[PDB]
Amino acid sequence: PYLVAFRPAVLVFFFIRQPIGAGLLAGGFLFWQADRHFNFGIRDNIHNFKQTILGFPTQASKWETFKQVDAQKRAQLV
Amino acid sequence: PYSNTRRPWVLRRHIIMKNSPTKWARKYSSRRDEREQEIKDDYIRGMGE
Amino acid sequence: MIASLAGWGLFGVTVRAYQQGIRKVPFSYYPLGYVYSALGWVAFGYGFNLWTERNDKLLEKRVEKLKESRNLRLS
Amino acid sequence: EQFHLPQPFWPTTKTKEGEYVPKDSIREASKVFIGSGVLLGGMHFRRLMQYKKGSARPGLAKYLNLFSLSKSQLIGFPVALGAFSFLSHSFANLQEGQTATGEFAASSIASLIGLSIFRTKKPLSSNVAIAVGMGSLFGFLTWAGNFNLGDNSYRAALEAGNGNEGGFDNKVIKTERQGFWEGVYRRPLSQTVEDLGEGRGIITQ
Amino acid sequence: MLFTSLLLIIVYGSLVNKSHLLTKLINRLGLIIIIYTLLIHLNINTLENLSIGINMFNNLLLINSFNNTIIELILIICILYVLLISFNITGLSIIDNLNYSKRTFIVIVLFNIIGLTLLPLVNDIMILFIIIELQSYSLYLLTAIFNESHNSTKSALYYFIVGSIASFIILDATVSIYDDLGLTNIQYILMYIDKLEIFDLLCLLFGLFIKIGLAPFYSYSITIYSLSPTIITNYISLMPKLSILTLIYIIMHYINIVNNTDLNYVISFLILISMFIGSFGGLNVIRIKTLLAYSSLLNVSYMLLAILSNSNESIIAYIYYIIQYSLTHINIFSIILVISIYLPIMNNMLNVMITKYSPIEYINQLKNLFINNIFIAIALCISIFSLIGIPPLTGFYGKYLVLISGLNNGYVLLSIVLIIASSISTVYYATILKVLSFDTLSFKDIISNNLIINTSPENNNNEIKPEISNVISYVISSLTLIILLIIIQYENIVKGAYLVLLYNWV
Amino acid sequence: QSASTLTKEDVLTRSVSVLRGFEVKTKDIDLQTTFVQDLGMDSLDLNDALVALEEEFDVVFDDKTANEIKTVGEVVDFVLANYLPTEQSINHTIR
Amino acid sequence: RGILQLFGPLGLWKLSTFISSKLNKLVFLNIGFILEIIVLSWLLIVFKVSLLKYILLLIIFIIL
Amino acid sequence: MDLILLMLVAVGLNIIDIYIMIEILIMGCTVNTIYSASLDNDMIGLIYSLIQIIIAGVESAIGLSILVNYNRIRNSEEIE
Amino acid sequence: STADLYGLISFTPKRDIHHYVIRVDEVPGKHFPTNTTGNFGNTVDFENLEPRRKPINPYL
Amino acid sequence: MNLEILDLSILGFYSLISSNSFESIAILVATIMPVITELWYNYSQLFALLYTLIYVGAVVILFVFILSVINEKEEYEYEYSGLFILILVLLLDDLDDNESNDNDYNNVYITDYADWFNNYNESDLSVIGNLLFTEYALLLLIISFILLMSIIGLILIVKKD
């Protein structure tokens, strides 16, 4: 629980000593929080790019498999 | 209560603590997730029988 | 079994005789060393023969099972 | 009639005609080329950071110099590996499978392409000498069955009944040829004529 | 017995006064402890009863006839090593007093023997991590026993750092498996052998490969073995391999159940590189211990081929090879410790500095051994020819049995490469023999009164004074004749290795 | 690491440059070049040069040698035989 | 005295000297060197096994 | 960023900085054990976590003593 | 005979995910340190346990 | 806003620019504190407190060794780095924080169902001790053995006598 007590102390001293390094680090931190909160989808699309290029089953890959089974099963009944 | 079951942030963001042979395999190697995706696909394929 | 233990004692004589050459002493120096060396390897030789006699008994019992296992395969 | 030469080749599974869907050579070479250039270039700029962090420590500097790559090696290595992957897959598609000759050609050409880039200040004949040596090693690697014979090993054959577990019997004669790891007491004389041919003591004199 | 007697020795060593004689006598008590440990272990553990595999201590440990043989081998080799610190190796105080100046030498050995013997028995991931730390920590403490030596401490720092990285890799592998399955016992994990990620066990093997000095992690072991005292290098270069390789065999026995050929290829890649480095690495070296470090790397590659093939022929190959290689390792280091007595003394170019820890440090310090002691020189030649693989020495059958298992499993490339590796490494094995003998005739009639042995006095000038002490001479004689004359009993010894089972049964 | 990397040509070359920055009669300095005659240094100038040559090579002349030095070549001989690199911290070497 | 020496003792001696000189530069006590090699080997776990022969070709390039 | 070994720049240029990296790396294993054990409601994982912490502290002391004696060896003249 | 004996000993029977040796003699969970009766998810009856797979001793 | 992300962002910045050995002994403490707090608030408060009890004692012993070995080397030395290369490196690192690629395991939330069968209700430390001192008592006694070896090991390394 000690980070809750120390965080105000470390953050202000971080801005005092290195205001530009702190603003850049804090600015990038807020930007990703805006991406998650406002559903910009920038971090998700990067994740979807990494999985596609590294051979992982993507979200679209798993949904394509379902659609292939769905069309296969329907014809099996019709 | 419904909650996520993700690993701690310090585990997946610390510059040093996130590096290990098995963590790199889990993050960059698709060998594990290819096998486990087969199990999930069998669930929907086997519905018709 | 005397013939086998005779060779083991003769191996122990060779071990002592080779040691004398290592230490650069005449091979007649301290003749009791050959008697000590001969008995030490007769003791090892007697235990060695018990080990090998046990091994042949165990090998036969395992081979009988292995032959039954092979007969099933050859069909 | 064809010459009857010995055929010292380890057993391999032979794909039936109509099988062997080919592998996309450009696509496979693209992954090797891009992935290698990213790593080699990325590890290069990672080591420059280690240089800047410390340059007054001889211990760190000595170790960094061993792993340091020149500019022509940072370009030549991905190109040689990419050409290798492309030519290995391209020749494999041509021959309906991978052969030691195909790997010898792919490795020597890939080596010579890379050597002419990051070994510019050496005689041309020197680069060809290394390329022939490099190509022979990979051709030997394929000839020996890569890292393991796999399903063509004797242990695999022994588990499939294609070994010699049951022994031999001369009364049994087989029209079809024996397995690679199988030995027999007596053979059809037609098989000997197929192997050796007639002549110097087979059938005729 | 080991644990109980260690506690008494720990307390007793701190009670009595400090003297070289008392430390030497305390070392002899350590010799008696290991002998009683062997007698007690033999009295209760037999190959026929342990064939099935018996669980102990809430299934934390699992002893079978394959594990039991290695435990007895470890105890026997540890007996031979303690004779070095419990008796005179040279007989001259300037050299021998080093082995008696550290009272905790025997205590650390008994600490490590416990870790060595328990490691092949591990049946749980929690106890696997605990024991591999117990073995590693004792090795670090033994590497630093001579704390007034700059090189000995520097080696222990290198050993600690590299061995801690490997341990973290080993721990990280077990944590990943526990995360996958939620299970800690090996036999429970075997029930899910088809569903856990098998490469999580390759990470476990990678940490074990670091601790045996396999390539590409060979650099630290070559450095450490050369910098450590010859008495320390004798132990640390052999003992960890007896236990870890046995554990690797058991792990690879479980891995082969699922038959993952991708995992077999990565290990084959490490074996191939280690053969290349082990053979070409030793060609341009001047230190004998650096040369033997590459020899160790090469012989480990040979054994790992038998471990990789992992069949019925592999049990016989690995068991026989590990026994005969340990004896050859013990025999060579025993001779190297002895023959420091034939070193010339000054009364200079290159400013060569020789220390008391490693009096024999360069290959050319073995010069004229054929003249100084022909019987010892031949004993060293027989051992070196065994490493070469000259039949009918023990080293020939080791390579022959390894090749059988390797070729039976389809490892055509590795079988050819090792035989090429054997030919390449023969070049630096022959260089030892060239130094020993090749200048015999052009130097036979020379006056050499400047040797270390000449500093010793004479008792009466009417007695016969042996030049080498009794115990160390008998051990060298015994091991050399075993290496030479193994053809007599080879058939009986290999029939015994047939009975050593690892869940073969039928 | 802890060994000299000095050659006779480098030590002479560095010695000449350090001696060139002084007020010497001639700039043509070789091994046989004497300090009193060729360069023209009195008691104090010579010891200024010796300390200057000390700082350049990180060596310290002993009192016996310094009082008895005559030629430039003697300095080059002294530096080659006595130079040692300074010990580094426990981290500079192993890391 | 020609090609059978190049493909023989004299040729292999030059090859051995070149290779052994490279390997002698890789044995030195340095924490950073062995840590880099240990971490580099982790890529064998990450990489798919089909890439082994490309790593083998890359390693022979580095020998040069 | 991990595959280009970015962690090699984050480790400091002293021998003690290597010790800290080892402690942090091992601490990553324990956090992963605690996380899995808590989700599964399994006390065997927490017993494992406790063992890792004690053992990791043992090697920290053993490594420190080696580094302590290494520094003493350099300061060996001790004419005082 | 020598050739026949080596053929028997050196043959390695195949292992897969369907047949291999697991050294567990009894089912766990008959007793717990506390709260042995949990969610009643332990459906194994230790009063009527079927015989286990006894290991084979080839020398017996 | 998960403020632990910002804390690790600052820590990664200071690990790249750290120069002397005192800053490294501060990176360690700057690492244990995020671990302790996150364990306290998410997974295990018992092990959050065990970390504090054990690691702090190790940290101070680590700090006191820095005093005896500090050797003037890195106060006056120079580093180059570059602010742009530091921040770009941290940006690329921050892009990929998915240690696992099972999207369903990372996205779909789960629950557990409570039951009243456990009427003997005690802390996790009592169960850990119950098993550690009864079933895994061998593990405890080996750990005691390893702690004894360290005591002997530290003396035979450091003590001149």
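Order as written gives the chain letters A, B, C, D, E, F, G, H, I and J; numbering starts at 1 within each chain.
By our rule, contacts are C-beta pairs under 8 Å (C-beta built on N, C-alpha and C of every residue); 3 or more make two chains touch, one makes a residue touch a chain.
Molecules present, by chain and UniProt name: E = NADH-ubiquinone oxidoreductase chain 2; J = NADH-ubiquinone oxidoreductase chain 6.
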Co-neighbours of chain I and chain E - touch as defined: C, D, J
Chain A to chain E, fewest steps along touching chains: 2
Maximum inter-chain contact count - chain pair: H-J
Chain centre separation in whole Å, for chain B relative to chain A (CA means): 15
For chain B paired with chain F, centre-to-centre distance based on mean C-alpha positions, whole Å: 68
Inter-chain centre distance, chain C versus chain I - centres from mean C-alpha coordinates, in Å: 38
Intercentroid distance (Cα basis), chain D paired with chain A, Å: 42
For chain G, residues that touch 2 or more chains besides their own: 26, 28-33, 35-36, 39-40, 42, 45-46, 48, 52, 56
Shared interface positions of chain B, touching two or more other chains: 5, 7-8, 10-11, 14-31, 33, 40
Per-residue multi-chain contacts in chain I, two or more chains: 9, 11-13, 58-59
Residues of chain D that touch chain I when the two form their complex: 155, 158-159, 165
Touching residues on chain E, where the partner in the complex is chain D: 261, 264-265, 268-269, 272, 311, 407-414, 416
Partner chain J, residues of chain I touching it in the complex: 33-35, 37-40
In the complex with chain I, residue positions of chain C that touch it: 58, 61-63, 65-67, 69-70
Contacting residues of chain A [partner chain J, same complex]: 1-4, 6-7, 10, 14, 20-21, 24-26, 28-29, 32-33, 43, 46-47, 50-51, 56, 59, 62
